[PDB]
Asker: 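Have a look at this one.
Both ligands and their constituent atoms are indexed starting at 1 by order of listing. Counting from 1, the numbers follow the sequence of the chain as shown.
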Amino acid sequence: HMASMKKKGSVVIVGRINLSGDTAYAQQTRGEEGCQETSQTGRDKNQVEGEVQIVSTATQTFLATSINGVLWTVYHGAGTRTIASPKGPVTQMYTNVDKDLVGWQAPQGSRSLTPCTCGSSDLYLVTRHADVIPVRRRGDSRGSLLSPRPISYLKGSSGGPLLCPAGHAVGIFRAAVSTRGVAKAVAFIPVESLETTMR
Ligand SMILES: COc1ccc2nc(C)c(O[C@@H]3C[C@H]4C(=O)N[C@]5(C(=O)NS(=O)(=O)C6(C)CC6)C[C@H]5/C=C\CCCCC[C@H](NC(=O)OC(C)(C)C(F)(F)F)C(=O)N4C3)nc2c1
Ligand SMILES: [Zn+2]
């Protein structure tokens, strides 16, 4: 009934994939009790750093990637949720269920990836475990893993980047193409589609 209707919590940044040096590694910045509290209030005063965030709702954990001053992730992870920030929940500025895409203004302190204009097909997928997986681009929105992996390896990495050799953003990881549980290929949201959404 109306008086007891609940509100969904905010997406919460709970860590990051550190790409600042020679070694990629995952960092946790918020434990579970802080996350639950931050999801309810929408107030997250942690300092944000880096391009790839680890984010969580009460029921899911996935990634989010800053490109052109927007923190982007998948609709199938975030739905229409706000994201927590120092002064309270922040409403999405982009929502496109047909592209499986959402975005919020990039957090203060984050850094953004540059959209790739290289036109290269040798790509690199960054996972929530800070694995950097070589991927050969196979079409506008697909790439094959040079070494296939069980889907278990990729679960929770939606919203992460596919990068070119120079570290530019080529797309956002959306779905795994799996045969008998082995991911031979991935589908991604091309960065051109993000740039069209921004218009
Ligand atoms: C709710 O409104 C919407 C709107 C648009 C959507 N668009 C799509 C595409 C959609 O697909 C959903 C969601 C997505 C998904 O699991 N992603 C990943 C992830 O890690 N997620 S996640 O972080 O753990 C989390 C679950 C917390 C957030 C990267 C995946 C890692 C491992 C694969 C696990 C096995 C699932 C394989 C499946 N393969 C698949 O569908 O491949 C085809 C058929 C070729 C196509 F055609 F999809 F490309 C698959 O990958 N997925 C099914 N759901 C949507 C829902
Ligand atoms: Zn590039």
Asker: Does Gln47 have more than 12 heavy atoms from other residues, nucleotides or ligands lying within 6.0 Å of its CD?
Answerer: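 Not more than 12 within 6.0 Å, no.
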Asker: Would you verify that at least one protein heavy atom lies under 4.0 Å from atom 38 (C) of ligand 1, or report that none does?
Answerer: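 Yes.
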Asker: I'd like to check which ligand 1 atoms, numbered from 1 as shown, lie under 4.0 Å from a non-hydrogen atom of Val97.
Answerer: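 Those atoms are 4 (C), 5 (C).
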Asker: Any idea which atoms of ligand 1 are less than 4.0 Å away from a heavy-atom of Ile151?
Answerer: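 Taking each heavy atom of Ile151 in turn, ligand 1 has 32 (C), 35 (C) under 4.0 Å.
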Asker: In Å and rounded to the nearest 0.5 Å, what is the CD1 to CG distance from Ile172 to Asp100?
Answerer: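 Answer rounded to 0.5 Å: 11.0 Å.
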Asker: Mind checking whether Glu51 and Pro161 have side chains closer than 4.5 Å, heavy atoms only?
Answerer: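 No; the side chains remain at least 4.5 Å from each other.
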Asker: Can you hop from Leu194 to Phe188 via hydrophobic side chains spaced under 4.5 Å?
Answerer: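 No: no chain of side-chain contacts under 4.5 Å links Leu194 to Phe188.
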Asker: Under 4.0 Å from a heavy atom of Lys155: which atoms of ligand 1 are those, numbered in the order shown and with their elements?
Answerer: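 Contacts of ligand 1 toward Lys155, numbered from 1: 20 (O), 24 (O), 31 (C), 32 (C).
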Asker: Starting from atom 2 (O) of ligand 1, which protein heavy atom do you reach first, and at what distance in Å?
Answerer: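 Going by distance alone, atom 2 (O) of ligand 1 is nearest to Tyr75 CD2, 3.4 Å.
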Asker: Just jot down the ligand 1 atoms closer than 4.0 angstrom to any heavy atom of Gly77, in number order.
Answerer: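 In order of number, 28 (C).
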Asker: Go through the steps for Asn96 and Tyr75 under the test side chain to side chain contact (heavy atoms under 4.5 Å, CB included), then give the verdict.
Answerer: CA-CA 7 Å; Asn96 191 325; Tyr75 186 93; over 6 Å; no
Asker: Give a yes-or-no answer on whether the side chains of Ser56 and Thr61 include a donor-acceptor pair shorter than 3.5 Å.
Answerer: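 Yes, because at least one side-chain N or O of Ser56 sits under 3.5 Å from a partner of the opposite role on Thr61.
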Asker: Do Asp122 and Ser120 get their side chains close enough for a donor-acceptor pair, meaning under 3.5 Å?
Answerer: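 The criterion, which ignores hydrogens and geometry beyond distance, is not satisfied for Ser120 and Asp122.
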Asker: Specify the closest pair of heavy atoms between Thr197 and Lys99, including all atoms of both residues, with the distance to one decimal.
Answerer: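 Looking at all heavy atoms of both residues, the shortest contact is OG1-NZ, 2.8 Å.
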Asker: Determine whether any protein heavy atom is located less than 4.0 Å from atom 44 (C) of ligand 1.
Answerer: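 Protein heavy atom within 4.0 Å of atom 44 (C) of ligand 1: absent.
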Asker: Is atom 28 (C) of ligand 1 close to the protein, meaning a heavy atom under 4.0 Å from it?
Answerer: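 Yes, there is a protein heavy atom closer to it than 4.0 Å.
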Asker: Among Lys99, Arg149, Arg142, which one has a heavy atom closest to atom 47 (F) of ligand 1?
Answerer: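 Nearest heavy atom to atom 47 (F) of ligand 1 lies in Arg142.
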Asker: Can you tell me which residue and heavy atom of the protein come closest to atom 49 (F) of ligand 1, and the distance to 0.1 Å?
Answerer: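 Answer for atom 49 (F) of ligand 1: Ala175 CB, 3.7 Å.
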Asker: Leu154 heavy atoms, cut-off 4.0 Å: which ligand 1 atoms fall inside?
Answerer: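 Near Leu154, meaning under 4.0 Å from one of its heavy atoms, ligand 1 has 20 (O), 31 (C), 32 (C).
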Asker: Which of these passes side-chain hydrogen bond (donor to acceptor under 3.5 Å, both in side chains) with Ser144: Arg137, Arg138, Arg136?
Answerer: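 Among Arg137, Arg138, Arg136, the one that satisfies the side-chain hydrogen bond (donor to acceptor under 3.5 Å, both in side chains) with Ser144 is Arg138.
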Asker: Go through ligand 1 atom by atom and flag the ones less than 4.0 Å from a non-hydrogen atom of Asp100.
Answerer: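 Ligand 1 atoms under the 4.0 Å threshold to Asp100: 4 (C), 5 (C), 6 (C), 7 (N), 8 (C).
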Asker: Among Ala185, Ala183, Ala176, which residue places a heavy atom closest to atom 40 (C) of ligand 1?
Answerer: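 Heavy atom nearest to atom 40 (C) of ligand 1 belongs to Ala176.
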Asker: Search all heavy atoms of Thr29 against all heavy atoms of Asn46 and return the closest pair with its distance.
Answerer: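 Minimum heavy-atom contact is O-ND2, 3.3 Å.
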Asker: Using distance alone, decide if ligand 1 has a nitrogen or oxygen within less than 3.5 Å of any nitrogen or oxygen in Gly156.
Answerer: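 There is such a contact, yes.
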Asker: Using heavy-atom distances, let me know which of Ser158, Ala187, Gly159 sits nearest atom 18 (C) of ligand 1.
Answerer: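 Closest candidate by heavy-atom distance is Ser158.
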Asker: Please name the pair of heavy atoms, one in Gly167 and one in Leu113, separated by the smallest distance, quoted to 0.1 Å.
Answerer: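 So the minimum-distance heavy-atom pair works out to O-CD2, 3.7 Å.
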Asker: Just to check, does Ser178 reach to within less than 4.0 Å of ligand 1 when the distance is taken from its heavy atoms?
Answerer: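 So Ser178 does not count as touching ligand 1.
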Asker: I would like to know whether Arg30 and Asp44 meet salt bridge (charged side-chain N to carboxylate O under 4.0 Å, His left out); could you show each step before the answer?
Answerer: CA-CA 10 Å; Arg30 188 175 286 284; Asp44 178 5; 2.8 Å; yes
Asker: Against heavy atoms of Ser157, which atoms of ligand 1 measure under 4.0 Å?
Answerer: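 It comes down to these atoms of ligand 1: 20 (O), 23 (O).
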Asker: Is there a protein heavy atom less than 4.0 Å away from atom 12 (C) of ligand 1?
Answerer: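 Not a single protein heavy atom is under 4.0 Å away.
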Asker: Is it the side chain, the backbone, both or neither of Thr61 that has a heavy atom closer than 4.0 Å to ligand 1?
Answerer: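 The answer is the backbone of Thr61.
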Asker: Looking only at heavy atoms, what is the nearest atom pair of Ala64 and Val55, with distance?
Answerer: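 What the structure gives for the nearest pair is CB-CG1, 3.9 Å.
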Asker: Distance under 4.0 Å to a non-hydrogen atom of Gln60: what atoms of ligand 1 satisfy this?
Answerer: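 With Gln60 as reference, the close atoms of ligand 1 come out as 27 (C).
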Asker: To the closest 0.5 Å, what do you measure between CD (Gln53) and CD1 (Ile83)?
Answerer: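 Rounded to the nearest 0.5 Å, the CD-CD1 separation comes out at 8.0 Å.
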Asker: Output the atom name for the N/O/S atom of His168 with the smallest distance to the Zn ion (ligand 2).
Answerer: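 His168's closest N, O or S atom to the Zn ion (ligand 2) is named ND1.
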Asker: Just to confirm my output: which protein heavy-atom neighbour is closest to atom 17 (N) of ligand 1, and how far is it?
Answerer: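 Ranked first by proximity to atom 17 (N) of ligand 1 is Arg174 O, 2.9 Å.
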Asker: With the Zn ion (ligand 2) at the apex, how many degrees lie between SG of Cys118 and SG of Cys164, rounded to 10 degrees?
Answerer: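 Value, to the nearest 10 degrees: 120°.
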Asker: Is there a polar contact, in the sense of an N or O pair closer than 3.5 Å, between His76 and ligand 1?
Answerer: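 Yes; at least one N/O pair falls below 3.5 Å.
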